[PDB]
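Here's the letter readout for the chains.
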Amino acid sequence: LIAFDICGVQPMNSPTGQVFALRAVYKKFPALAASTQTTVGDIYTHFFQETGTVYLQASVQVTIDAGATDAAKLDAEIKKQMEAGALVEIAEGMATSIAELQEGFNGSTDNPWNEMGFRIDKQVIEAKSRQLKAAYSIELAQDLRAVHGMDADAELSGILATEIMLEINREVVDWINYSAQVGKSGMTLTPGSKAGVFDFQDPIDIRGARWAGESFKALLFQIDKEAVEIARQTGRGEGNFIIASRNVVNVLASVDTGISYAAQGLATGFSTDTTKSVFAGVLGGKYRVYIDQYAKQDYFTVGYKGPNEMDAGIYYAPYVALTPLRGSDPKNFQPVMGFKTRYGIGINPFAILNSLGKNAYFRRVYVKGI
Amino acid sequence: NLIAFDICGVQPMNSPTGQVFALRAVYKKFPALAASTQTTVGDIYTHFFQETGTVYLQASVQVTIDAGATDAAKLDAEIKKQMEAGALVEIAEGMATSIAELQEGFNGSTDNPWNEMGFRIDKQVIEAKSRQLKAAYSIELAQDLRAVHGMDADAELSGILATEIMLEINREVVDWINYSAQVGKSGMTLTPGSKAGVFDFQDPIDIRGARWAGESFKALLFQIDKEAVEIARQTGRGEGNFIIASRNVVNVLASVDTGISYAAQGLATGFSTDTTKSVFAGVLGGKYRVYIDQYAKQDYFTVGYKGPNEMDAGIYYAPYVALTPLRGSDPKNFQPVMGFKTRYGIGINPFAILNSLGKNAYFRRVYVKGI
């Protein structure tokens, strides 16, 4: 079992070797002053002695205290007008409004041809190798067969094949968790937050929640915030998948009823086939979530994946897989079995040191409080 | 119409990116001679002279070196006399080897001294780096070339341009060779009165005291052989097999050894029937296959090595695309264009373009003055 679902693949038929990615290309509101008669719909700039500026839109036509020659007095009158609803604040949202007006209003046909906002680019990839050995005793192999009719080395080989596939999935996750930007940061901070960590015991992070029930839902809400930031930065859309620790997955599986599948048929039949190398399911109808079997502490990462082979932000491009390796160790001539694979990986360039903490397709958050 | 890379490895691409291989090589207390030492024939002693450090001296004569010479100056004097007499002979690295083998051989053991083939053998990744040209021509000529000469116009321009792009890529290869080539007439290939990297025909040292051009030209060849040797030594693959050189240098080389180059006498007799000057001139001394750098910028030659294996060149070019056409016109004046694009990728034996500049052991470049 593999999990190369949340990466592009673009498989290789030669190392070195390349992948492609659809990389994106990447106004003086008049000052408000004493005596100013604001005009409804107009916007003024006002710097408060404490906290600095906001842009204030008039809803009410009003003269802002002509006697307010003292900035402290002017701030007081303005605050009164704000309280009265006469003056309303927005910051960048108004900067956008004025920019649009100025450019449209005084615009011209000229030749403002813009490129579509996409660079579209590629990287070179080596089909980096990975390999494991079985390293096993003769007596064991003799006994597995002699004692229960087992296939001995064949089974050890199957375990080993599973392990190498797991390591590759683990590698992909490690790179995601390397390159992902740290989430619950910047655009995704709650003002009272701890920047990068979601603490299920912290009243800000849990939005005033009570017990695990509501605290758990609050995490999913942070996940949506991460998905939004991803969408914005990549220019491609909301995060489509989540990679998370077992603690987190169990938390997320406590919500969205049966979405994270327990493989309940498995439990019912007493562990008939555990297949623990797959995605649990889709949270919110939005995020396919995968379990990081090797999570080191406790965390989750939200990421985006489009339909295009070139729209993942991370690529895995297999060249060689499960090539059997066999022989013996002459020191005692004990059996050797093993598997080799070669694939190569890559990322949206985002300019590995240009991906470290920079990969716009992903946002990583540390988890505390479960 | 020729690649002029018949002296290099190709390993052509089936996709850009794209790769090449190269057969990169992997890369004793002589007892001090002292006053009273009774030497024994064939034995080797270490001696530090007051002047110019040390020498290693082998006895040819079983002689005591002045037991009263407690003064290093006296010891040196006796030694010099014994050397003049032929009793003591100086060799340096040539001795280090004999002591090492005697000691190591005699005291060796079956153990596990399995030595490696002296080769690393490795690969490089190459993008199908592109180059391109346009005809940049006018319609009024196309109209009259047809009306006046009965010429196919664009067709000839296409042939010219195709020729130019091929010549330009061949030029690029030569530039990379020269870029990466080590400086010749340097280190192992210098004489005491030498100038480090340049052969000057007006310099008595470079021409080894030659009488007129005949001997001077041969002196250039002698420097070429020395370069071929240093290449052989450093690559571990053998003497340089070819030469790339400027028009002046080639004409000089072709002035000795009678028939190294083709004079293209058929061509000349027929009054330039088809010059095709994109081909190797011939073989210098029967040893080095030599090509003319028709674009040489200073005046020079480069000696280089190439084995039969494409992985044994020191430089690689993997043609992916060649002569892909361009066609259109520029509305600013509506004048037409025709053109070509190529894609290929190049490589250099790793030698660890950062590890290529002035480091490529397969090649040695020497500038030539005074021709």
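- For this deposited structure, the header cites cryo-EM as the method used and 5.1 Å as the resolution.

### What about the pattern of salt bridges?
Argument step 1. Counted under the stated rule, the structure contains 31 salt bridges over all chains.
Argument step 2. Residue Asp 202 of chain A pairs with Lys 194 of chain A through a salt bridge whose shortest N-O separation is 2.8 Å.
Argument step 3. Between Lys 185 of chain B and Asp 206 of chain B there is a salt bridge, with its nearest N and O atoms 2.4 Å apart. Residue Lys 185 of chain B is found in the loop between β7 (181-183) and β8 (198-200), and its partner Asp 206 of chain B is found in the loop between β8 and α5 (212-235); the two are separated by 21 residues along the sequence. Across the pair, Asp 206 of chain B and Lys 185 of chain B agree in class, each one buried.

### Brief notes about unusual backbone geometry
Argument step 1. Put simply, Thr 16 of chain A and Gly 17 of chain A share a cis peptide bond, and its omega is 0°.
Argument step 2. Inspection of the secondary structure puts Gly 17 of chain A in strand β1 (residues 17-21).
Argument step 3. Omega for the bond connecting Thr 17 of chain B with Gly 18 of chain B falls within 30 degrees of zero, at 5°, which places this linkage in the cis form.
Argument step 4. Phi is positive for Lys 185 of chain B, close to 45°, though the residue is something other than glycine.
Argument step 5. Residue classification places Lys 185 of chain B among the buried residues on the basis of a relative accessible area of 1%.
Argument step 6. Here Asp 257 of chain B, not a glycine, exhibits a phi torsion of approximately 65°, which is positive.
Argument step 7. Of note, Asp 257 of chain B is situated in the loop between α6 (247-253) and α7 (265-269).
Argument step 8. The exposure class assigned to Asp 257 of chain B is partly exposed, which follows from its relative accessible area of 42%.

### Brief notes about the interface of chain A and chain B
Argument step 1. Facing 7 residues of chain A, the contacting portion of chain B comprises 6 residues.
Argument step 2. The largest share of the area that chain A buries against chain B comes from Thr 16, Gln 18 and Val 124 of chain A, three residues that together contribute 57% of it.
Argument step 3. Across the chain A-chain B interface, the total number found is 1 salt bridge.
Argument step 4. Residue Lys 123 of chain B is joined to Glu 126 of chain A by a salt bridge in which the shortest nitrogen-to-oxygen separation is 4.0 Å.
Argument step 5. Across the contact surface, chain A and chain B share 6 residue pairs in polar contact.
Argument step 6. Within the side of chain A that touches chain B, the residues separate by chemical class into 2 nonpolar, 4 polar and 1 charged.

### Overview of the sheet that holds strand β17 (residues 334-342) of chain A
Residues and elements named next belong to chain A.
Argument step 1. With antiparallel pairing, the 3 strands of this open sheet are ordered in space as β8-β17-β16. With one partner strand each, in any of the chains shown, β8 (129-133) and β16 (320-329) form the two edges of the open sheet. Strand-to-strand twist of the sheet, defined as the mean angle between neighbouring strand axes without regard to direction, takes the value 20°.
Argument step 2. Here β16 pairs with β17 via 8 bridges, running antiparallel. Across the sheet, the residue bridging to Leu 325 is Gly 338, located in β17.

### Overview of the packing of aromatic side chains
Residues and elements named next belong to chain A.
Argument step 1. As enumerated under the stated definition, the model contains 21 aromatic pairs over all chains in all.
Argument step 2. Each ring, one from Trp 175 and one from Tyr 178, has its centre 4.8 Å from the other, and the planes form 70°; the classification is edge-to-face. Of this pair, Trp 175 and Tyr 178 both sit in helix α4 (residues 153-179), separated by 3 residues, roughly a single helical turn.
Argument step 3. By relative accessible area, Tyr 178 is classed as partly exposed at 22%.

### Considering the sheet that holds strand β14 (residues 321-330) of chain B
One key point about sheets: their strands pair by backbone hydrogen bonds, in either a parallel or an antiparallel sense.
Residues and elements named next belong to chain B.
Argument step 1. Read from one edge to the other, the open sheet built from 3 strands follows the order β6-β15-β14, with strand pairing classed as antiparallel. Strands at the two margins of the open sheet, each flanked by one partner only, are β6 (130-134) and β14. Between one strand and the next, the sheet's axes are offset by a mean angle of 20°, whatever the strand orientation.
Argument step 2. Pairing of β6 with strand β15 (residues 335-343) involves 5 bridges; the strand directions are antiparallel. Across the sheet, the residue bridging to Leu 133 is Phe 340, located in β15.

### Thoughts on the side chain of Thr 234 of chain A
All names here are of chain A.
Argument step 1. Inspection of the secondary structure assignment puts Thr 234 in helix α5 (residues 211-234).
Argument step 2. In this structure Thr 234 comes out as buried when scored by relative accessible area, which is 2%.
Argument step 3. Of the polar contacts made by the side chain of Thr 234, one reaches the backbone nitrogen of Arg 236; its length is 2.9 Å.
Argument step 4. In contact with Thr 234, other than residues within four places in its own chain, are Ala 24, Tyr 26, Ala 360 and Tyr 361.

### Examining the environment of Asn 177 of chain A
All names here are of chain A.
Argument step 1. Tracing the sequence through the fold places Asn 177 in helix α4.
Argument step 2. Sequence separation between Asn 177 and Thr 341 is 164 residues; the distance between their C-alpha atoms is 22 Å.
Argument step 3. Apart from the residues lying within four places of it in its own chain, the contact partners of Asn 177 are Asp 292, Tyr 299, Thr 301 and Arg 364.

### Section: the environment of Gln 334 of chain A
Residue and element names in this part refer to chain A.
Argument step 1. Mapped onto the secondary structure, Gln 334 falls in strand β17.
Argument step 2. For the pair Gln 334 and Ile 138, spaced 196 residues apart in sequence, the C-alpha separation works out to 5.5 Å.
Argument step 3. Among residues more than four places away in sequence, those in contact with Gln 334 are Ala 135, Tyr 136, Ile 138, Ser 328 and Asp 329.
Argument step 4. Polar contacts involving the side chain of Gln 334 include one to the side chain of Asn 332, which spans 2.9 Å.

### Let's talk about the nonpolar core
Argument step 1. Grouped together as the largest cluster of nonpolar side chains are 61 residues, with contacts concentrated most on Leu 220, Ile 224, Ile 243 and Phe 301 of chain B.
Argument step 2. Considering each element in turn, this core owes the most residues, 7 residues, to α5 of chain B.
Argument step 3. Counting 50 residues, the second largest nonpolar core, distinct from the first, contains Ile 6, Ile 168, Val 172 and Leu 219 of chain A.

### A few points about helix α2 (residues 93-106) of chain B
Residue and element names in this part refer to chain B.
Argument step 1. Here α2 spans 20 Å end to end across 14 residues, near enough to the 20 Å set by a 1.5 Å rise per residue.
Argument step 2. Looking only at α2, the buried set comprises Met 95, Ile 99 and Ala 100. Buried residues of α2 fall within an arc of 135° about the axis and therefore sit on the same side. Facing away from the buried surface of α2 by more than 90 degrees, the exposed residues are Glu 93 and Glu 101.
Argument step 3. Against β2 (44-48), β3 (54-59) and β4 (88-90) lie the buried residues of α2.

### Structural notes on a nonpolar patch on the surface
Residues and elements named next belong to chain A.
Argument step 1. Together, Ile 352, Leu 353 and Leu 356 line one region of the surface with nonpolar side chains, adding up to about 310 Å² of accessible area.
Argument step 2. Take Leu 353: it is sitting in the loop between β18 (345-347) and β19 (359-368).
Argument step 3. According to the relative accessible area criterion, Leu 353 is exposed, its value standing at 59%.

### Some remarks on the side chain of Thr 37 of chain B
Residue and element names in this part refer to chain B.
Argument step 1. Mapped onto the elements of the fold, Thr 37 is located in the loop between β1 (18-22) and β2.
Argument step 2. According to the relative accessible area criterion, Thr 37 is buried, its value standing at 19%.
Argument step 3. The residues touching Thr 37, leaving out its near neighbours within four places in the chain, are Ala 32, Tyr 45, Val 63, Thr 64 and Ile 65.

### Brief notes about the pairing of strand β14 (residues 299-303) of chain A
Residue and element names in this part refer to chain A.
Argument step 1. In terms of residue burial, β14 counts as a mostly covered element, since 5 of its 5 residues are buried.
Argument step 2. Residue alternation in β14 divides its side chains into two sets, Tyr 299, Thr 301 and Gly 303 and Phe 300 and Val 302, and both sets are buried.
Argument step 3. Note that strand β11 (residues 241-244) and β14 share 4 bridges and pair antiparallel. Note that in β14 the partner of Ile 242 across the bridge is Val 302.

Rules and cut-offs
- Residues numbered from 1 in each chain as written, not as in the entry; some residues may be left out.
- Chains lettered and ligands numbered in written order.
- Part of a larger assembly, values for the part shown.
- Heavy atoms only, no water.
- Salt bridge = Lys/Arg side-chain N within 4 Å of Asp/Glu carboxyl O.
- Helix = DSSP H or I, 4+ residues; strand = E, 2+ residues; numbered from the N terminus.
- Buried < 20%, exposed > 50% of the residue type's maximum accessible area, 1.4 Å probe, protein only.
- Contact = heavy atoms within 4.5 Å.
- Buried area = accessible area lost by both parts, 1.4 Å probe.
- Polar contact = N/O pair within 3.5 Å; in protein donor to acceptor, adjacent residues only side chain to side chain.
- Nonpolar A, V, L, I, M, F, W, Y, C, P; charged D, E, K, R; others polar.
- Pairing = 2+ DSSP bridges.
- Axes fitted to C-alpha atoms, helices over the stretch in contact; angles between N-to-C directions.
- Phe/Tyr/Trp six-rings, centres within 6.5 Å; stacked < 30°, edge-to-face > 60°.
- Core = buried A, V, L, I, M, F, W, Y, C linked by side-chain atoms within 4.5 Å.
- Expected span 1.5 Å × (residues − 1).
- Arc of directions from axis to C-beta.
- Patch = residues over 30% accessible without salt bridge, like charges linked within 9 Å, V, L, I, M, F, W, Y side chains within 5 Å.
- Areas by Shrake-Rupley, 256 points an atom, 1.4 Å probe, with all protein chains shown as cover.

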